[PDB]
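The next block holds one structure in the form of structure tokens; read it before the comments.
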Amino acid sequence: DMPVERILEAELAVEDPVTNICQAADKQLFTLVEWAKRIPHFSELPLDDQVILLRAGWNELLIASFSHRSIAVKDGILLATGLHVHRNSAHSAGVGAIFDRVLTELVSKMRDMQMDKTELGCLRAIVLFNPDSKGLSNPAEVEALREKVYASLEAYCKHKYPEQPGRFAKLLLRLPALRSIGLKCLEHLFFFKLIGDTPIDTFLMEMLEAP
Amino acid sequence: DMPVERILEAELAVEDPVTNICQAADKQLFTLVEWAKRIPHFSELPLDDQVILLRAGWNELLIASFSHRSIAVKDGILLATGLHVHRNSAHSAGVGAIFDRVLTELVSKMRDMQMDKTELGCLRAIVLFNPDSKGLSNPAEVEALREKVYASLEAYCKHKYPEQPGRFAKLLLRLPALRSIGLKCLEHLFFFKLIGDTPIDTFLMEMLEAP
Amino acid sequence: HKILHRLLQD
Amino acid sequence: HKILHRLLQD
């Protein structure tokens with residue numbers, strides 16, 4: 001089984017600007033590992049596959065988390081360090097475009113639909129169990145777990161928001177945006193690493209290593 | 001309304017290797033415009049918005065089409081020019097990685113689920129009506145059309161494949177893969193253009209212009 | 001974007 | 001990937 005209550009529990013258990021964002025990201029990578037261990041069946045996968053899923057998903061997973069954390073923030077994001085970062089600050093640091101995509105495609109859409117923590121948890125678990133991740137010893141097994149998450153999520157939405165028949169599809173359709181922003185985020189991080197002005201801490205650095 | 005029968009009709013109406021793929025892509029861009037005009041309500045949008053949606057979606061739209069066209073092809077893709085391109089040929093031209101992603105994440109998954117032309121049509125229409133496209137004069141209007149497509153698609157899957165309750169979510173969850181492969185495709189095209197060895201024809205070139 | 005505009009016009 | 005392995009181990 002894949003009970004949405006366990007997924008919610010996982011979320012609840014873990015609850016210039018470029019430098020601050022990068023520092024916050026490094027910090028949250030530790031927390032991400034703890035989150036993943038709390039998702040049903042993840043820790044039962046082979047260690048090598050747990051590594052692959054987390055290396056494949058970490059940036060989307062962190063982006064989804066700070067985006068949902070920021071739904072009551074006007075034109076900004078709330079980092080896990082407690083720091084609010086506004087649009088103007090990101091623009092003045094040369095990362096306005098990517099920052100605005102986060103705000104318009106993720107944060108404001110999460111706000112508009114009042115995406116809840118169960119739904120966020122499920123989307124994150126779907127991202128985690130990515131069966132397209134290269135090198136998985138058993139892709140079908142990860143595919144099975146993803147299928148169980150989205151079954152439970154659809155059941156949850158239909159029970160909790162029966163007057164919103166499109167809500168489930170609406171949730172899933174933020175995933176392409178999440179993927180694209182995740183990819184653009186990586187491009188920036190690789191550049192910061194290349195230029196070498198911004199400090200990149202050890203876990204974030206490791207995520208930027210070749211496989 | 002957004003009848004799946006009109007969407008199916010749209011699909012039916014329009015039915016080294018790097019050079020060949022690029023040439024085929026240029027050819028299919030003309031056909032894509034004709035396809036889009038056949039999708040309910042697209043031609044009613046402001047001309048400027050039609051331009052924006054097509055410039056935003058063309059590469060994903062073409063990739064989805066040749067991927068579905070190739071489901072009965074072993075380890076290869078069928079171009080609209082009639083030419084079959086095998087894995088080995090793409091690998092020997094230095095584009096093996098992106099080619100394999102098409103095969104594993106799109107073609108083989110479409111094959112495994114027997115994605116039908118109605119479903120393909122709907123996924124393409126959802127891609128077309130992308131409300132996150134920058135510059136849209138009315139994003140809510142495009143969002144409304146997307147919502148109508150996915151409502152009709154869910155109705156279609158539940159009626160046509162009632163024994164497969166996960167099928168609808170399964171379709172939508174190929175869209176992140178489509179987005180990522182679309183982005184990687186663009187990176188390659190920009191490089192081919194930069195190096196200047198591969199001929200890039202006028203419409204494909206125009207798509208590679210700045211907005 | 002002259003080609004796309006021309007083709008969409010009709 | 002030594003940090004991730006160490007943290008997942010327990």
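By convention in this document, the chains of the structure tokens carry letters A, B, ... by their order, each chain's residues are numbered from 1, and ligands are numbered from 1 in the order they are shown.
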Task: Per-residue DSSP, region 48-211 of chain A, filtered to helix (DSSP H, G or I), as a PyMOL selection string - done: chain A and resi 48-69+87-92+96-113+117-128+139-160+167-172+175-195+202-207
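Near residue 9 (chain D), within a cut-off of 12 Å and counting only C-alpha atoms, sit the residues residues 33, 34, 37, 43, 44, 45, 46, 47, 48, 50 and 51 of chain A; 2 and 3 of chain D, with same-chain residues fewer than 6 positions away left out.
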Based on the selection just made, write C-alpha atoms of those residues as a PDB file, in the first residue's frame.
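And here is the file that came out, selection-v9.pdb:
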```
ATOM      1  CA  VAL A  33      17.509  12.264   2.681  1.00  0.00           C
ATOM      2  CA  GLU A  34      15.539  12.075   5.932  1.00  0.00           C
ATOM      3  CA  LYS A  37      13.536   7.538   4.154  1.00  0.00           C
ATOM      4  CA  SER A  43      14.313   2.541   2.071  1.00  0.00           C
ATOM      5  CA  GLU A  44      13.537  -1.020   0.882  1.00  0.00           C
ATOM      6  CA  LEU A  45      14.972  -0.271  -2.562  1.00  0.00           C
ATOM      7  CA  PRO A  46      18.610  -1.234  -3.225  1.00  0.00           C
ATOM      8  CA  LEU A  47      21.045   1.345  -1.862  1.00  0.00           C
ATOM      9  CA  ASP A  48      22.347   2.006  -5.385  1.00  0.00           C
ATOM     10  CA  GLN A  50      18.086   5.097  -3.605  1.00  0.00           C
ATOM     11  CA  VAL A  51      21.233   7.018  -4.625  1.00  0.00           C
TER      12      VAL A  51
ATOM     13  CA  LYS D   2      30.245   9.622  -0.470  1.00  0.00           C
ATOM     14  CA  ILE D   3      27.968  11.996   1.489  1.00  0.00           C
TER      15      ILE D   3
END
```
Task: strand (DSSP E or B) call set, DSSP backbone run, region 76-154 of chain A, as a PyMOL selection string - done: chain A and resi 76-78+84-86
Selection to disk with N, CA and C atoms, as a JSON list (two decimals), in the first residue's frame:
```
[["chain", "number", "residue", "atom", "x", "y", "z"],
["A", 76, "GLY", "N", 7.80, 36.52, -3.57],
["A", 76, "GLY", "CA", 9.06, 36.08, -2.98],
["A", 76, "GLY", "C", 9.08, 34.62, -2.56],
["A", 77, "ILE", "N", 10.22, 34.18, -2.05],
["A", 77, "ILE", "CA", 10.35, 32.82, -1.54],
["A", 77, "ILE", "C", 10.88, 32.81, -0.12],
["A", 78, "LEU", "N", 10.37, 31.87, 0.67],
["A", 78, "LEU", "CA", 10.83, 31.65, 2.04],
["A", 78, "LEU", "C", 11.80, 30.48, 2.09],
["A", 84, "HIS", "N", 13.44, 35.39, 3.92],
["A", 84, "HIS", "CA", 12.57, 35.69, 2.78],
["A", 84, "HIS", "C", 13.39, 36.38, 1.71],
["A", 85, "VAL", "N", 13.31, 35.87, 0.48],
["A", 85, "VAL", "CA", 13.99, 36.48, -0.66],
["A", 85, "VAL", "C", 12.95, 37.03, -1.62],
["A", 86, "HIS", "N", 12.99, 38.34, -1.85],
["A", 86, "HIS", "CA", 12.03, 38.99, -2.74],
["A", 86, "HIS", "C", 12.52, 39.00, -4.20]]
```
- [ ] Might you pull out every residue within 9 Å of residue 111 (chain B), with only C-alpha atoms counted and same-chain residues fewer than 5 positions away left off, and present them as number ranges by chain?
- [x] B: 68, 70-72, 106
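Proximity to residue 27 (chain B) at 9 Å, evaluated using only C-alpha atoms and with sequence-adjacent residues fewer than 4 positions away removed, yields residues 22, 23, 31, 80, 81, 201, 203 and 204 of chain B.
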Prev. selection, C-alpha atoms, output as a compact mmCIF listing (two decimals), in the first residue's frame:
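Result file part01.txt:
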```txt
# COMPACT_ATOMS: atom_id res chain seq x y z
CA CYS B 22 16.77 18.40 -39.17
CA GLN B 23 15.43 18.39 -42.74
CA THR B 31 2.47 20.55 -41.24
CA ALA B 80 7.92 11.90 -41.97
CA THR B 81 10.13 11.69 -45.05
CA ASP B 201 16.48 25.09 -43.27
CA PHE B 203 11.55 27.44 -40.70
CA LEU B 204 13.69 25.42 -38.25
```
Neighbours of chain B in chain A at 7 Å, counting only C-alpha atoms, as a PDB file with N, CA, C and O atoms, in the first residue's frame:
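Wrote it out as out-v6.pdb, contents follow:
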```pdb
ATOM      1  N   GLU A 105       5.019  30.062 -12.362  1.00  0.00           N
ATOM      2  CA  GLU A 105       4.643  28.702 -12.773  1.00  0.00           C
ATOM      3  C   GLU A 105       4.403  27.776 -11.585  1.00  0.00           C
ATOM      4  O   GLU A 105       3.642  26.820 -11.700  1.00  0.00           O
ATOM      5  N   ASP A 132      12.301   6.685 -14.974  1.00  0.00           N
ATOM      6  CA  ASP A 132      13.151   7.038 -16.104  1.00  0.00           C
ATOM      7  C   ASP A 132      14.595   7.326 -15.692  1.00  0.00           C
ATOM      8  O   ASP A 132      15.444   7.539 -16.550  1.00  0.00           O
ATOM      9  N   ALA A 151      -2.224   6.675  -7.697  1.00  0.00           N
ATOM     10  CA  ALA A 151      -3.532   6.094  -7.341  1.00  0.00           C
ATOM     11  C   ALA A 151      -4.046   6.684  -6.018  1.00  0.00           C
ATOM     12  O   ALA A 151      -5.199   7.131  -5.936  1.00  0.00           O
ATOM     13  N   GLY A 166     -11.238  18.255 -11.925  1.00  0.00           N
ATOM     14  CA  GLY A 166      -9.974  18.432 -12.654  1.00  0.00           C
ATOM     15  C   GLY A 166      -8.730  18.554 -11.784  1.00  0.00           C
ATOM     16  O   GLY A 166      -7.624  18.647 -12.315  1.00  0.00           O
ATOM     17  N   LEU A 175       4.031  19.276 -13.076  1.00  0.00           N
ATOM     18  CA  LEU A 175       5.305  18.541 -13.168  1.00  0.00           C
ATOM     19  C   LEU A 175       6.207  18.889 -14.384  1.00  0.00           C
ATOM     20  O   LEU A 175       7.435  18.879 -14.247  1.00  0.00           O
ATOM     21  N   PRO A 176       5.621  19.173 -15.566  1.00  0.00           N
ATOM     22  CA  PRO A 176       6.503  19.620 -16.668  1.00  0.00           C
ATOM     23  C   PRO A 176       7.197  20.939 -16.330  1.00  0.00           C
ATOM     24  O   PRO A 176       8.403  21.106 -16.590  1.00  0.00           O
ATOM     25  N   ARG A 179       9.971  20.193 -13.871  1.00  0.00           N
ATOM     26  CA  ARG A 179      11.105  19.613 -14.625  1.00  0.00           C
ATOM     27  C   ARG A 179      11.944  20.696 -15.330  1.00  0.00           C
ATOM     28  O   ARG A 179      13.190  20.709 -15.225  1.00  0.00           O
ATOM     29  N   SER A 180      11.277  21.590 -16.056  1.00  0.00           N
ATOM     30  CA  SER A 180      12.006  22.612 -16.813  1.00  0.00           C
ATOM     31  C   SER A 180      12.769  23.587 -15.903  1.00  0.00           C
ATOM     32  O   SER A 180      13.943  23.921 -16.162  1.00  0.00           O
TER      33      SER A 180
END
```
- [ ] Might you pull out every residue within 12 Å of residue 200 (chain A), with only C-alpha atoms counted and same-chain residues fewer than 3 positions away left off, and present them as a PyMOL selection string?
- [x] chain A and resi 18-27+189-197+203-208
